[PDB]
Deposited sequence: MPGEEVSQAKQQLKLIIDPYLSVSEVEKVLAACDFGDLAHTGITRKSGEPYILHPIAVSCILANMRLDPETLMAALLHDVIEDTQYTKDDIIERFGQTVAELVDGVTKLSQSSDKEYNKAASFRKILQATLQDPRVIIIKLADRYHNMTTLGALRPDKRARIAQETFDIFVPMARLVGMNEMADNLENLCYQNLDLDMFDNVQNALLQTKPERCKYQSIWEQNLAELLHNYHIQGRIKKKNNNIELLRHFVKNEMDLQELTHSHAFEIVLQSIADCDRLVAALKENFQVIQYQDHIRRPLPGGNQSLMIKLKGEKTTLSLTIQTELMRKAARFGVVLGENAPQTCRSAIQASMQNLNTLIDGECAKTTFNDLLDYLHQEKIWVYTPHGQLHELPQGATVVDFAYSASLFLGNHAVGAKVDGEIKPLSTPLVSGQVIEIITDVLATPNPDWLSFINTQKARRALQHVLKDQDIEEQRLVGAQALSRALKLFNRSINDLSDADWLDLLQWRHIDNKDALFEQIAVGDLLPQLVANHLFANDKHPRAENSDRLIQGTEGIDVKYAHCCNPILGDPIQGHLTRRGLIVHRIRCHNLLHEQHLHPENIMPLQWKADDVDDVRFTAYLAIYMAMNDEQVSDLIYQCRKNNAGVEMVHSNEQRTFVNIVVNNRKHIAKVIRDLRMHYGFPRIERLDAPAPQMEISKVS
């Protein structure tokens, strides 16, 4: 009976994977089910059934979406790392590096009930994890979905905070990745736990009026078929489910059983844009227009085109989405559950992230997305998002100037740890202060945040020029200790490289740049000891380990572009090698310019935005075809606009090689028009 429940659930998963997975792939997925069963032996859920029944049910949801074996294995083991004695290394052993990273990723999106729930921070963290590997968010959405269905076993106190997090981030996130059925199901379960009484009243009315609503939807499908025929418009009509739109409305509105019965939604697929406008004109003649949105002339972020018109005919209300056969096909590039692999959807997910905006917050996210932060907490549960490699001092300054300036030590998870201790995500940090304490300048050696570095440089701003050179040497000697080296280990050849590399003449002047200038002692150490035993390699730019970097908005450098960094009081700013802002500051201060190289010419987990100016006028059908051609080439369409002389397109590409392929494919498709790549978006569109 207890083991027999697990076996009949495992057998139900086998039926789903047997048709589409290979014999060896099915054995690997079923082996993960046996290992998950072993890790959770004896553990039972709040309802009483064995724990493994949950990841099995989650893996069944994913197997029904025909997802890859790694996704299914990671879902079956996503709770064995934290809830069990088993570790990430155990998973790397039995199932490989890919499933371990997926399990790790899903685990990172978990919200502790005793820690702060910050909507904006969680949105950023989830968006970052999604763009790093979209499979992680699909597993997490399936996990959250299964939890929402069994929320009855949890206390009504708990039921609210989870339904709120699901509603605030998971529902928008599932729509973003094209999992609209999942998003609707999640939103339904959110209403069930956020307003049970109003939910039960609306659901019962929906259920009682369901057969009558079917009858009238069939009537209106025929009336719409007749209308298209009368106006000589060729098109297809699809009946759409409108249960979530009706529930969403009547949960906040007074009940009108006639409005609930006679409200229908349809999708109309036409042959051309001229027919779309012709149908809109025809509909206006026969109905009263409630709402109209033109997403053909103004396409949605991501590139989605459609005409959304809400009509009223007496008791009847119709919600119609009208689009061409090409628009419907373009929309199926970027959906994580479509023909394309979820990972190829990265560009589409990132281009359409402008659809989530709650404030211009999802406007300048590039630095955050490419550089995973650490999530450490105050003993009160307060979140602090810090760069990778941040020490206790960085946390102290992040909390406040008082705590940073007067810090003497810290208690990490109850254990006393010194001020240079690098932090790890999930740690609770208690800064120990002394009102008589003064910040020590030697902290610069391990400091990686700008709030901490600037606050320490204010103490050296009133110090002796000789003492500054000493502090700079003290900070460089400690930065070298990370690689088992020191200043006495530096040969004359090592010093000669540093002085030439920093456009400087003496050793004391290099120390002045570390102590008072904007040269971080970590960048000096990473240049002398390159790619050898540096203590999650998130780094896209070589030698920037332990420090956070920023992309300049003047030139917007993309992976693969020749780049050069600029050392400022805000950190290191990455610019394209021929940016006019960069060359201006290189002429004035060549010592503040550091040459930079991208670690790998083609990293697949990152996406950037390229700005294009196509020297040709494009009509409605040509713009629609341009969006299609971009999306078909795994490049998301962030924005398109066409005047009578040019057509601008902001496109989300992987690297400089990808944008070269897109430009080359667009040129031969359009009869070789001139296409120029801009440094920043044109003022005609935004800017």
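- Judged by missing C-alpha atoms, the gaps in the deposited chain sequence fall at residues 360-366, 543-545, 698-701, listed in sequence order.
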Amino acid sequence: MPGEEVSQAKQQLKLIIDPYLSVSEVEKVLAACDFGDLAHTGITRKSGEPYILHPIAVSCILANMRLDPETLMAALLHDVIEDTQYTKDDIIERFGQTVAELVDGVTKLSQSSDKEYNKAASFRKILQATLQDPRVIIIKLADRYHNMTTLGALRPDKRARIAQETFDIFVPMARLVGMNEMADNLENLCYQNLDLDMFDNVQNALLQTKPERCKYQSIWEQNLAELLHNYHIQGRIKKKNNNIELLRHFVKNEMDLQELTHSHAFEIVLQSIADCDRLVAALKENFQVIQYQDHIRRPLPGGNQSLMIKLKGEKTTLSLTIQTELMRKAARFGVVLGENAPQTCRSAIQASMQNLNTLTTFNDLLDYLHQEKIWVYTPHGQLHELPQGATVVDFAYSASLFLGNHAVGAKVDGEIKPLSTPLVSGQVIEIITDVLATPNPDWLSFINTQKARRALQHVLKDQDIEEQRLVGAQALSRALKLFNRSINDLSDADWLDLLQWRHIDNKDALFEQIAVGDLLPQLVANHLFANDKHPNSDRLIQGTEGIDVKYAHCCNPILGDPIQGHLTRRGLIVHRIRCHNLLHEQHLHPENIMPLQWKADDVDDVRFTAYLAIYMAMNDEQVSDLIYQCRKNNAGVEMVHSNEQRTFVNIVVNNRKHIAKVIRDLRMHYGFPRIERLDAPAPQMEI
From here on, numbers count along this sequence of modelled residues.
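- A summary of the deposited B-factors shows that, of 156-164 and 324-332, the stretch with the larger mean C-alpha value is 156-164.
- For the pair 567-575 and 454-462, the mean Cα B-factor is higher in 454-462.
- Per the PDB entry, 488 shows the highest C-alpha temperature factor of the residues 609, 382, 388, 488.
- Listed residues 368, 362, 266, 117 were ranked by CA B-factor as deposited; 362 comes out on top.
- Annotation for residue 628: C-alpha temperature factor in the lowest third relative to the rest of the modelled chain, per the entry.
- Sort the chain's modelled residues by C-alpha temperature factor and residue 619 lands in the middle third, per the entry.
- In the deposited entry, the Cα temperature factor of residue 404 sits in the bottom third of values across the chain's modelled residues.
- Residue 61: CA B factor lies in the lowest third for its chain, per the PDB record.
- Annotation for residue 426: C-alpha temperature factor in the lowest third relative to the rest of the modelled chain, per the entry.
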